[PDB]
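Shown next: protein_7.txt, containing compact mmCIF, N, CA and C atoms and all ligand atoms.
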```txt
# COMPACT_ATOMS: atom_id res chain seq x y z
N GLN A 14 43.03 -18.17 23.04
CA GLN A 14 43.16 -18.89 24.34
C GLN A 14 42.80 -17.95 25.49
N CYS A 15 41.59 -18.12 26.02
CA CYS A 15 41.12 -17.24 27.09
C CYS A 15 41.95 -17.42 28.35
N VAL A 16 42.11 -16.33 29.09
CA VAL A 16 42.78 -16.34 30.38
C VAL A 16 41.82 -15.74 31.41
N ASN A 17 41.94 -16.20 32.65
CA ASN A 17 40.98 -15.85 33.70
C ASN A 17 41.48 -14.61 34.43
N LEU A 18 40.79 -13.49 34.23
CA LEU A 18 41.11 -12.23 34.90
C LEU A 18 39.90 -11.51 35.47
N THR A 19 38.69 -12.02 35.28
CA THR A 19 37.49 -11.27 35.64
C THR A 19 37.37 -11.13 37.15
N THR A 20 36.85 -9.98 37.59
CA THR A 20 36.56 -9.71 38.99
C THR A 20 35.05 -9.53 39.15
N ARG A 21 34.52 -9.98 40.28
CA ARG A 21 33.08 -10.04 40.49
C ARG A 21 32.69 -9.46 41.85
N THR A 22 33.20 -8.27 42.16
CA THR A 22 32.79 -7.59 43.38
C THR A 22 31.47 -6.86 43.15
N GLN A 23 30.64 -6.81 44.19
CA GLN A 23 29.30 -6.25 44.04
C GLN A 23 29.36 -4.75 43.81
N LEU A 24 28.39 -4.24 43.06
CA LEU A 24 28.26 -2.82 42.76
C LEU A 24 26.78 -2.48 42.70
N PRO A 25 26.35 -1.37 43.28
CA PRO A 25 24.93 -0.99 43.22
C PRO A 25 24.58 -0.45 41.84
N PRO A 26 23.77 -1.17 41.07
CA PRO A 26 23.43 -0.69 39.72
C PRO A 26 22.60 0.58 39.77
N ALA A 27 22.75 1.41 38.75
CA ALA A 27 21.95 2.61 38.60
C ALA A 27 20.72 2.32 37.75
N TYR A 28 19.71 3.17 37.89
CA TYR A 28 18.46 3.06 37.16
C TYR A 28 18.24 4.33 36.36
N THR A 29 17.28 4.27 35.43
CA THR A 29 16.81 5.48 34.78
C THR A 29 15.43 5.21 34.19
N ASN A 30 14.75 6.30 33.84
CA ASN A 30 13.38 6.22 33.34
C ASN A 30 13.43 6.15 31.82
N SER A 31 13.21 4.95 31.28
CA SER A 31 13.07 4.76 29.85
C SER A 31 11.70 5.25 29.41
N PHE A 32 11.67 6.25 28.55
CA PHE A 32 10.44 6.85 28.06
C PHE A 32 10.42 6.84 26.54
N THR A 33 9.27 6.48 25.98
CA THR A 33 9.05 6.43 24.53
C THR A 33 10.25 5.83 23.80
N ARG A 34 10.54 4.57 24.14
CA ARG A 34 11.59 3.81 23.47
C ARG A 34 11.17 2.35 23.37
N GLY A 35 11.48 1.73 22.23
CA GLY A 35 11.24 0.31 22.07
C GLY A 35 10.02 -0.05 21.25
N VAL A 36 9.81 0.63 20.12
CA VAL A 36 8.70 0.35 19.22
C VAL A 36 9.27 0.09 17.83
N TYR A 37 8.86 -1.02 17.21
CA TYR A 37 9.41 -1.45 15.93
C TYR A 37 8.29 -1.64 14.91
N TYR A 38 8.70 -1.84 13.66
CA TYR A 38 7.80 -1.75 12.52
C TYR A 38 7.05 -3.06 12.26
N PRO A 39 5.92 -2.98 11.53
CA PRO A 39 5.28 -4.20 11.01
C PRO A 39 5.90 -4.66 9.69
N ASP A 40 5.30 -5.67 9.06
CA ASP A 40 5.84 -6.20 7.82
C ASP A 40 5.50 -5.32 6.62
N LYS A 41 4.23 -4.92 6.49
CA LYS A 41 3.73 -4.25 5.30
C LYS A 41 3.66 -2.74 5.53
N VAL A 42 3.18 -2.03 4.51
CA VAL A 42 3.08 -0.58 4.54
C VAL A 42 1.67 -0.20 4.96
N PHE A 43 1.56 0.60 6.01
CA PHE A 43 0.33 1.30 6.35
C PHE A 43 0.59 2.78 6.14
N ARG A 44 -0.22 3.41 5.29
CA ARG A 44 0.03 4.77 4.82
C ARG A 44 -0.99 5.72 5.42
N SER A 45 -0.50 6.72 6.16
CA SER A 45 -1.32 7.80 6.69
C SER A 45 -2.48 7.31 7.55
N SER A 46 -2.47 6.05 7.97
CA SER A 46 -3.49 5.53 8.86
C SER A 46 -3.16 6.00 10.27
N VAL A 47 -3.91 6.98 10.76
CA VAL A 47 -3.54 7.65 12.01
C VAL A 47 -3.43 6.64 13.15
N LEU A 48 -4.17 5.54 13.08
CA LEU A 48 -4.19 4.55 14.14
C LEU A 48 -4.04 3.16 13.55
N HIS A 49 -3.42 2.28 14.34
CA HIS A 49 -3.48 0.84 14.08
C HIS A 49 -3.11 0.13 15.37
N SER A 50 -4.11 -0.42 16.05
CA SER A 50 -3.86 -1.14 17.29
C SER A 50 -3.01 -2.37 17.02
N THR A 51 -2.02 -2.62 17.87
CA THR A 51 -1.15 -3.78 17.70
C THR A 51 -0.75 -4.32 19.05
N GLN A 52 -0.94 -5.62 19.25
CA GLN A 52 -0.60 -6.30 20.50
C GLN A 52 0.68 -7.10 20.28
N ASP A 53 1.70 -6.82 21.09
CA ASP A 53 2.97 -7.51 20.96
C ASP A 53 3.81 -7.23 22.20
N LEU A 54 5.01 -7.80 22.21
CA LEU A 54 5.95 -7.54 23.30
C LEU A 54 6.70 -6.25 23.01
N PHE A 55 6.65 -5.31 23.95
CA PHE A 55 7.29 -4.02 23.80
C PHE A 55 7.97 -3.65 25.11
N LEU A 56 8.54 -2.44 25.15
CA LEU A 56 9.13 -1.92 26.38
C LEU A 56 8.21 -0.84 26.93
N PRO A 57 7.48 -1.09 28.02
CA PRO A 57 6.54 -0.08 28.51
C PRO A 57 7.23 1.25 28.78
N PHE A 58 6.54 2.33 28.44
CA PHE A 58 7.12 3.66 28.58
C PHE A 58 7.32 4.01 30.05
N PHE A 59 8.31 4.86 30.30
CA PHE A 59 8.59 5.34 31.65
C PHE A 59 8.79 4.17 32.61
N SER A 60 9.63 3.23 32.20
CA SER A 60 9.96 2.07 33.01
C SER A 60 11.35 2.22 33.60
N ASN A 61 11.63 1.40 34.61
CA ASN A 61 12.94 1.40 35.25
C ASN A 61 13.89 0.55 34.41
N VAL A 62 14.68 1.21 33.57
CA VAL A 62 15.68 0.54 32.74
C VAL A 62 17.02 0.67 33.44
N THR B 259 42.83 -5.98 29.35
CA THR B 259 42.11 -4.78 29.74
C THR B 259 41.29 -4.26 28.56
N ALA B 260 40.18 -3.60 28.88
CA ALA B 260 39.24 -3.17 27.85
C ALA B 260 38.71 -1.76 28.11
N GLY B 261 39.53 -0.89 28.70
CA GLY B 261 39.13 0.49 28.89
C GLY B 261 37.86 0.61 29.70
N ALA B 262 36.96 1.49 29.24
CA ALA B 262 35.71 1.77 29.93
C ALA B 262 34.56 1.74 28.94
N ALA B 263 33.38 1.38 29.44
CA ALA B 263 32.19 1.28 28.61
C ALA B 263 30.98 1.17 29.52
N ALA B 264 29.80 1.35 28.93
CA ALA B 264 28.55 1.24 29.67
C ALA B 264 27.43 0.96 28.69
N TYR B 265 26.33 0.41 29.21
CA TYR B 265 25.17 0.13 28.37
C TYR B 265 23.94 -0.04 29.25
N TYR B 266 22.77 0.09 28.63
CA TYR B 266 21.50 0.03 29.33
C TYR B 266 20.72 -1.19 28.88
N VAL B 267 19.96 -1.77 29.81
CA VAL B 267 19.20 -2.99 29.56
C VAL B 267 17.79 -2.81 30.11
N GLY B 268 16.80 -3.24 29.33
CA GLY B 268 15.44 -3.30 29.79
C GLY B 268 14.79 -4.59 29.33
N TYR B 269 13.73 -4.98 30.04
CA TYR B 269 13.02 -6.22 29.77
C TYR B 269 11.62 -5.91 29.24
N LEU B 270 11.22 -6.62 28.19
CA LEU B 270 9.96 -6.37 27.51
C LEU B 270 8.80 -7.00 28.27
N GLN B 271 7.61 -6.49 28.00
CA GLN B 271 6.35 -6.98 28.54
C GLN B 271 5.33 -7.05 27.41
N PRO B 272 4.32 -7.91 27.54
CA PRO B 272 3.27 -7.99 26.52
C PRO B 272 2.27 -6.85 26.67
N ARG B 273 2.29 -5.92 25.72
CA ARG B 273 1.44 -4.74 25.77
C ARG B 273 0.78 -4.55 24.41
N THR B 274 -0.32 -3.81 24.42
CA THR B 274 -1.02 -3.41 23.21
C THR B 274 -0.87 -1.91 23.03
N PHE B 275 -0.28 -1.51 21.91
CA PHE B 275 0.00 -0.11 21.62
C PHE B 275 -0.89 0.36 20.48
N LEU B 276 -0.88 1.68 20.28
CA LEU B 276 -1.55 2.32 19.16
C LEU B 276 -0.52 3.17 18.44
N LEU B 277 -0.34 2.92 17.14
CA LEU B 277 0.73 3.52 16.37
C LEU B 277 0.17 4.52 15.36
N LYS B 278 0.87 5.64 15.19
CA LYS B 278 0.50 6.65 14.21
C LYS B 278 1.52 6.62 13.08
N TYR B 279 1.05 6.39 11.86
CA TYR B 279 1.92 6.34 10.70
C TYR B 279 1.90 7.68 9.99
N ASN B 280 3.09 8.21 9.71
CA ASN B 280 3.20 9.48 9.01
C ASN B 280 2.85 9.30 7.53
N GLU B 281 2.69 10.43 6.83
CA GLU B 281 2.38 10.37 5.41
C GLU B 281 3.42 9.56 4.65
N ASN B 282 4.66 9.55 5.13
CA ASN B 282 5.75 8.81 4.50
C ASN B 282 5.92 7.42 5.10
N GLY B 283 4.89 6.90 5.77
CA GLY B 283 4.96 5.57 6.34
C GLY B 283 5.96 5.43 7.47
N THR B 284 5.99 6.39 8.39
CA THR B 284 6.88 6.36 9.54
C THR B 284 6.07 6.39 10.82
N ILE B 285 6.51 5.62 11.82
CA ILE B 285 5.82 5.54 13.11
C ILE B 285 6.33 6.71 13.94
N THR B 286 5.69 7.86 13.79
CA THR B 286 6.13 9.06 14.49
C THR B 286 5.73 9.05 15.96
N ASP B 287 4.54 8.53 16.27
CA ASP B 287 4.02 8.58 17.63
C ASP B 287 3.37 7.25 17.99
N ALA B 288 3.37 6.95 19.29
CA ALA B 288 2.76 5.73 19.79
C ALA B 288 2.14 6.01 21.15
N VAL B 289 1.15 5.21 21.50
CA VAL B 289 0.43 5.32 22.76
C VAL B 289 0.36 3.95 23.41
N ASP B 290 0.65 3.90 24.71
CA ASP B 290 0.58 2.68 25.49
C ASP B 290 -0.70 2.71 26.33
N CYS B 291 -1.52 1.67 26.18
CA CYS B 291 -2.87 1.71 26.74
C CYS B 291 -2.89 1.53 28.25
N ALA B 292 -1.91 0.83 28.82
CA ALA B 292 -1.92 0.50 30.24
C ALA B 292 -1.04 1.43 31.08
N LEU B 293 -0.59 2.54 30.52
CA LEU B 293 0.30 3.43 31.26
C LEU B 293 -0.45 4.23 32.32
N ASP B 294 -1.64 4.72 31.99
CA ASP B 294 -2.39 5.59 32.90
C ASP B 294 -3.80 5.78 32.37
N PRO B 295 -4.73 6.31 33.17
CA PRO B 295 -6.11 6.47 32.67
C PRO B 295 -6.20 7.26 31.38
N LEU B 296 -5.42 8.32 31.23
CA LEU B 296 -5.51 9.13 30.03
C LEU B 296 -5.12 8.33 28.80
N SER B 297 -4.04 7.55 28.89
CA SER B 297 -3.61 6.77 27.74
C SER B 297 -4.63 5.69 27.39
N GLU B 298 -5.22 5.05 28.39
CA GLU B 298 -6.24 4.04 28.10
C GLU B 298 -7.47 4.67 27.47
N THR B 299 -7.86 5.86 27.93
CA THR B 299 -8.94 6.58 27.26
C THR B 299 -8.59 6.85 25.81
N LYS B 300 -7.35 7.27 25.55
CA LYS B 300 -6.94 7.52 24.17
C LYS B 300 -7.03 6.26 23.33
N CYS B 301 -6.63 5.12 23.90
CA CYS B 301 -6.75 3.86 23.17
C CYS B 301 -8.20 3.52 22.87
N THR B 302 -9.09 3.69 23.86
CA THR B 302 -10.47 3.26 23.68
C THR B 302 -11.16 4.04 22.56
N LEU B 303 -10.95 5.35 22.51
CA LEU B 303 -11.53 6.16 21.44
C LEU B 303 -10.83 5.95 20.10
N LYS B 304 -9.70 5.25 20.08
CA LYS B 304 -8.90 5.10 18.86
C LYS B 304 -8.50 6.47 18.31
N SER B 305 -8.15 7.38 19.21
CA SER B 305 -7.71 8.71 18.81
C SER B 305 -6.67 9.21 19.80
N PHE B 306 -5.81 10.11 19.32
CA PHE B 306 -4.76 10.70 20.14
C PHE B 306 -5.18 11.99 20.82
N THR B 307 -6.38 12.49 20.55
CA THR B 307 -6.89 13.69 21.18
C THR B 307 -8.26 13.40 21.77
N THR C 553 -0.79 1.78 -12.05
CA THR C 553 -0.23 3.07 -12.41
C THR C 553 1.07 3.29 -11.64
N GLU C 554 1.89 4.20 -12.15
CA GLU C 554 3.08 4.62 -11.42
C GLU C 554 2.68 5.47 -10.23
N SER C 555 3.36 5.26 -9.10
CA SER C 555 3.04 5.94 -7.86
C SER C 555 4.31 6.31 -7.12
N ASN C 556 4.19 7.29 -6.23
CA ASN C 556 5.29 7.80 -5.43
C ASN C 556 4.97 7.51 -3.97
N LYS C 557 5.33 6.32 -3.51
CA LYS C 557 5.19 5.93 -2.11
C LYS C 557 6.54 5.46 -1.60
N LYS C 558 6.98 6.05 -0.48
CA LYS C 558 8.29 5.73 0.07
C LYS C 558 8.28 4.37 0.76
N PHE C 559 8.44 3.31 -0.02
CA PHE C 559 8.50 1.97 0.55
C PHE C 559 9.87 1.71 1.15
N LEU C 560 9.88 1.10 2.34
CA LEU C 560 11.13 0.72 2.97
C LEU C 560 11.73 -0.48 2.26
N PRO C 561 13.03 -0.72 2.43
CA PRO C 561 13.67 -1.84 1.72
C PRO C 561 13.01 -3.18 1.99
N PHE C 562 12.46 -3.38 3.19
CA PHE C 562 11.81 -4.64 3.53
C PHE C 562 10.30 -4.61 3.33
N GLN C 563 9.74 -3.49 2.89
CA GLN C 563 8.29 -3.35 2.76
C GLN C 563 7.87 -3.64 1.32
N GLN C 564 6.84 -4.47 1.17
CA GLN C 564 6.38 -4.94 -0.13
C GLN C 564 5.00 -4.40 -0.49
N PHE C 565 4.00 -4.65 0.34
CA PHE C 565 2.61 -4.33 0.02
C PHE C 565 2.16 -3.07 0.76
N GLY C 566 1.02 -2.55 0.33
CA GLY C 566 0.37 -1.44 1.01
C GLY C 566 -1.09 -1.74 1.23
N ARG C 567 -1.55 -1.68 2.47
CA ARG C 567 -2.88 -2.13 2.84
C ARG C 567 -3.83 -0.94 2.99
N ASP C 568 -5.08 -1.17 2.61
CA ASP C 568 -6.14 -0.18 2.73
C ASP C 568 -6.83 -0.35 4.08
N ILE C 569 -7.82 0.50 4.36
CA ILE C 569 -8.56 0.39 5.61
C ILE C 569 -9.30 -0.95 5.67
N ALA C 570 -9.91 -1.35 4.57
CA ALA C 570 -10.70 -2.57 4.51
C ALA C 570 -9.88 -3.81 4.23
N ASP C 571 -8.58 -3.81 4.52
CA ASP C 571 -7.68 -4.94 4.37
C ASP C 571 -7.32 -5.20 2.91
N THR C 572 -7.92 -4.48 1.96
CA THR C 572 -7.63 -4.72 0.56
C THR C 572 -6.24 -4.20 0.21
N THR C 573 -5.58 -4.91 -0.70
CA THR C 573 -4.26 -4.49 -1.18
C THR C 573 -4.41 -3.37 -2.18
N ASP C 574 -3.55 -2.36 -2.06
CA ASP C 574 -3.58 -1.20 -2.95
C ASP C 574 -2.28 -1.01 -3.71
N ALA C 575 -1.15 -0.94 -3.03
CA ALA C 575 0.14 -0.72 -3.66
C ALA C 575 0.98 -1.98 -3.56
N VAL C 576 1.72 -2.29 -4.62
CA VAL C 576 2.62 -3.43 -4.66
C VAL C 576 3.94 -3.00 -5.29
N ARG C 577 4.90 -3.91 -5.28
CA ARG C 577 6.20 -3.69 -5.90
C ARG C 577 6.51 -4.89 -6.79
N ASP C 578 6.71 -4.62 -8.07
CA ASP C 578 6.88 -5.70 -9.03
C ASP C 578 8.14 -6.50 -8.70
N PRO C 579 8.05 -7.84 -8.62
CA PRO C 579 9.26 -8.61 -8.30
C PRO C 579 10.39 -8.42 -9.30
N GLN C 580 10.06 -8.28 -10.59
CA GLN C 580 11.10 -8.13 -11.60
C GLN C 580 11.77 -6.76 -11.50
N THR C 581 10.97 -5.70 -11.39
CA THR C 581 11.47 -4.34 -11.31
C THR C 581 10.97 -3.71 -10.02
N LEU C 582 11.87 -3.07 -9.28
CA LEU C 582 11.53 -2.52 -7.97
C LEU C 582 10.64 -1.30 -8.04
N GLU C 583 10.10 -0.92 -9.20
CA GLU C 583 9.19 0.22 -9.24
C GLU C 583 7.92 -0.08 -8.45
N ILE C 584 7.33 0.98 -7.89
CA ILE C 584 6.14 0.87 -7.06
C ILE C 584 4.91 1.06 -7.92
N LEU C 585 4.02 0.08 -7.92
CA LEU C 585 2.79 0.11 -8.70
C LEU C 585 1.61 0.35 -7.77
N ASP C 586 0.71 1.23 -8.20
CA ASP C 586 -0.52 1.52 -7.47
C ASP C 586 -1.69 0.87 -8.20
N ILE C 587 -2.49 0.11 -7.45
CA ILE C 587 -3.62 -0.63 -7.98
C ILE C 587 -4.89 0.15 -7.69
N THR C 588 -5.74 0.29 -8.69
CA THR C 588 -7.03 0.95 -8.54
C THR C 588 -8.13 0.07 -9.10
N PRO C 589 -9.35 0.21 -8.60
CA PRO C 589 -10.46 -0.60 -9.13
C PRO C 589 -10.95 -0.06 -10.46
N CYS C 590 -11.35 -0.98 -11.34
CA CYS C 590 -11.86 -0.58 -12.64
C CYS C 590 -13.19 0.15 -12.48
N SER C 591 -13.42 1.13 -13.36
CA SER C 591 -14.55 2.04 -13.19
C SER C 591 -15.86 1.28 -13.10
N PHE C 592 -16.71 1.70 -12.16
CA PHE C 592 -18.02 1.10 -11.97
C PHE C 592 -18.97 2.15 -11.43
N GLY C 593 -20.26 1.88 -11.56
CA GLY C 593 -21.27 2.81 -11.09
C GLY C 593 -22.65 2.21 -11.24
N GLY C 594 -23.63 2.94 -10.71
CA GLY C 594 -25.01 2.50 -10.82
C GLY C 594 -25.64 2.89 -12.14
N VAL C 595 -26.65 2.13 -12.54
CA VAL C 595 -27.40 2.37 -13.76
C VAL C 595 -28.86 2.54 -13.37
N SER C 596 -29.47 3.64 -13.81
CA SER C 596 -30.85 3.96 -13.47
C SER C 596 -31.64 4.21 -14.75
N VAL C 597 -32.73 3.47 -14.92
CA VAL C 597 -33.54 3.53 -16.13
C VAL C 597 -34.71 4.46 -15.87
N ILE C 598 -34.77 5.56 -16.61
CA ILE C 598 -35.89 6.49 -16.55
C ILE C 598 -36.90 6.06 -17.60
N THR C 599 -38.12 5.73 -17.16
CA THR C 599 -39.11 5.18 -18.07
C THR C 599 -40.48 5.80 -17.81
N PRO C 600 -41.18 6.28 -18.84
CA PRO C 600 -42.61 6.55 -18.68
C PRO C 600 -43.37 5.23 -18.58
N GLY C 601 -44.61 5.33 -18.12
CA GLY C 601 -45.40 4.13 -17.92
C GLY C 601 -45.40 3.22 -19.13
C1 LIG D 1 8.16 12.92 3.17
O1 LIG D 1 9.45 13.15 2.65
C2 LIG D 1 9.59 14.34 1.90
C3 LIG D 1 10.97 14.36 1.28
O2 LIG D 1 11.30 15.68 0.93
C4 LIG D 1 9.34 15.53 2.82
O3 LIG D 1 9.40 16.75 2.11
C5 LIG D 1 7.94 15.41 3.39
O4 LIG D 1 7.65 16.44 4.31
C6 LIG D 1 7.78 14.08 4.11
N1 LIG D 1 6.43 13.96 4.60
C7 LIG D 1 6.06 14.31 5.84
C8 LIG D 1 4.59 14.13 6.15
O5 LIG D 1 6.84 14.75 6.68
```
Rewrite the coordinates I just gave you, this time as structure tokens.
Ligand SMILES: *[C@@H]1O[C@H](CO)[C@@H](O)[C@H](O)[C@H]1NC(C)=O
Amino acid sequence: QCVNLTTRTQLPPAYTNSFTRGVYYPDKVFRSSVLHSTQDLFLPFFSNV
Amino acid sequence: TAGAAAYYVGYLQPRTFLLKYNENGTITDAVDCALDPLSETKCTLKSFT
Amino acid sequence: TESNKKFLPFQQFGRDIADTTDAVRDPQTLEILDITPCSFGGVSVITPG
């Protein structure tokens, strides 16, 4: 049984530089293939996270 | 009450990356083509050097 | 043939440069099998007139 206690006063959020984060795997195995271009939704490097 | 905690949030964008697979099938390094002229040059040649 | 490729728990196949399948994992037994093409080559007939 939830009770109402939340407070919602404003606060200035902080930022930081997200670098080289947010890359995930494909389905199959690619072995020692130095390159494989892939187009998808990612997190651009050095972004304001 | 729930003590203290923090977390980071970022929003994805549609990007095309270039992935390097290690001998053991691991994505050790990646390159983002739209980050800067050098990275886009790296993407165009399909090489990291 | 028997092969030593570190397949991830969710990874099944292994792709070549030319999109051809090379390594698989037997559904019955989780051992990793490596596929190779059967021996082939050119034939050249040396003939006097
Ligand atoms: C793959 O894993 C083995 C496990 O010992 C390790 O020795 C080897 O260096 C790894 N390969 C690479 C390219 O790091």
Residues within 7 Å of ligand LIG 1 (chain D), counting only N, CA and C atoms and all ligand atoms, as a list in words: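 Every residue with an atom at most 7 Å from ligand LIG 1 (chain D) is listed here: residues 280, 281 and 282 of chain B.
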Atom CA of residue B:259 to atom CA of residue A:18 measures 9.1 Å
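Counting all atoms listed in the file and comparing C:597, C:559, C:565, C:553, the residue that lies closest to chain A is C:565.
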What is the atom CA of residue A:29 to atom CA of residue B:285 distance in Å?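 Value for the atom CA of residue A:29-atom CA of residue B:285 distance: 24.3 Å.
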Residues of chain C within 7 Å of chain A, using all atoms listed in the file, as a ChimeraX atom specification? /C:562-567
Counting all atoms listed in the file, figure out which residue out of A:52, A:32, A:14, A:23 gets nearest to chain B. A:52
Could you list, as a list in words, every residue of chain B that has an atom within 7 Å of an atom of chain A, counting only N, CA and C atoms?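 That gives residues 266, 267, 268, 269, 270, 271, 272, 273, 274, 275, 276, 277, 278, 279, 280, 281, 282, 283, 284, 290, 293 and 304 of chain B for chain B.
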Atoms to include: N, CA and C atoms. Write the selected residues as a short mmCIF file (atom, residue, chain, number, x, y, z; two decimals), keeping the file's coordinate frame.
```
data_model
loop_
_atom_site.label_atom_id
_atom_site.label_comp_id
_atom_site.auth_asym_id
_atom_site.auth_seq_id
_atom_site.Cartn_x
_atom_site.Cartn_y
_atom_site.Cartn_z
N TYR B 266 22.77 0.09 28.63
CA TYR B 266 21.50 0.03 29.33
C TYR B 266 20.72 -1.19 28.88
N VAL B 267 19.96 -1.77 29.81
CA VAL B 267 19.20 -2.99 29.56
C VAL B 267 17.79 -2.81 30.11
N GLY B 268 16.80 -3.24 29.33
CA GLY B 268 15.44 -3.30 29.79
C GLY B 268 14.79 -4.59 29.33
N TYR B 269 13.73 -4.98 30.04
CA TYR B 269 13.02 -6.22 29.77
C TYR B 269 11.62 -5.91 29.24
N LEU B 270 11.22 -6.62 28.19
CA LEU B 270 9.96 -6.37 27.51
C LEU B 270 8.80 -7.00 28.27
N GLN B 271 7.61 -6.49 28.00
CA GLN B 271 6.35 -6.98 28.54
C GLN B 271 5.33 -7.05 27.41
N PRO B 272 4.32 -7.91 27.54
CA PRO B 272 3.27 -7.99 26.52
C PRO B 272 2.27 -6.85 26.67
N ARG B 273 2.29 -5.92 25.72
CA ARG B 273 1.44 -4.74 25.77
C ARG B 273 0.78 -4.55 24.41
N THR B 274 -0.32 -3.81 24.42
CA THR B 274 -1.02 -3.41 23.21
C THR B 274 -0.87 -1.91 23.03
N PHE B 275 -0.28 -1.51 21.91
CA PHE B 275 0.00 -0.11 21.62
C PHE B 275 -0.89 0.36 20.48
N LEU B 276 -0.88 1.68 20.28
CA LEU B 276 -1.55 2.32 19.16
C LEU B 276 -0.52 3.17 18.44
N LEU B 277 -0.34 2.92 17.14
CA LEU B 277 0.73 3.52 16.37
C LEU B 277 0.17 4.52 15.36
N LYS B 278 0.87 5.64 15.19
CA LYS B 278 0.50 6.65 14.21
C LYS B 278 1.52 6.62 13.08
N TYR B 279 1.05 6.39 11.86
CA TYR B 279 1.92 6.34 10.70
C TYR B 279 1.90 7.68 9.99
N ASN B 280 3.09 8.21 9.71
CA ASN B 280 3.20 9.48 9.01
C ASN B 280 2.85 9.30 7.53
N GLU B 281 2.69 10.43 6.83
CA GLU B 281 2.38 10.37 5.41
C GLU B 281 3.42 9.56 4.65
N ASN B 282 4.66 9.55 5.13
CA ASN B 282 5.75 8.81 4.50
C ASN B 282 5.92 7.42 5.10
N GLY B 283 4.89 6.90 5.77
CA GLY B 283 4.96 5.57 6.34
C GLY B 283 5.96 5.43 7.47
N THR B 284 5.99 6.39 8.39
CA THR B 284 6.88 6.36 9.54
C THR B 284 6.07 6.39 10.82
N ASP B 290 0.65 3.90 24.71
CA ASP B 290 0.58 2.68 25.49
C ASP B 290 -0.70 2.71 26.33
N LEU B 293 -0.59 2.54 30.52
CA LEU B 293 0.30 3.43 31.26
C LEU B 293 -0.45 4.23 32.32
N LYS B 304 -9.70 5.25 20.08
CA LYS B 304 -8.90 5.10 18.86
C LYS B 304 -8.50 6.47 18.31
#
```
Within 9 Å of chain B: residues of chain C, using only C-alpha atoms, as a PyMOL selection string: chain C and resi 557-560
Quick one, how far is atom CA of residue C:593 from atom CA of residue C:573?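 So the two atoms, atom CA of residue C:593 and atom CA of residue C:573, lie 21.0 Å apart.
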Would you please give, as a PyMOL selection string, all residues of chain B that DSSP assigns to strand (DSSP E or B) based on the backbone? chain B and resi 271-279+285-290
So which bits of chain B end up helix (DSSP H, G or I) when you DSSP the backbone, as an MDAnalysis selection string? chainID B and resid 295:303
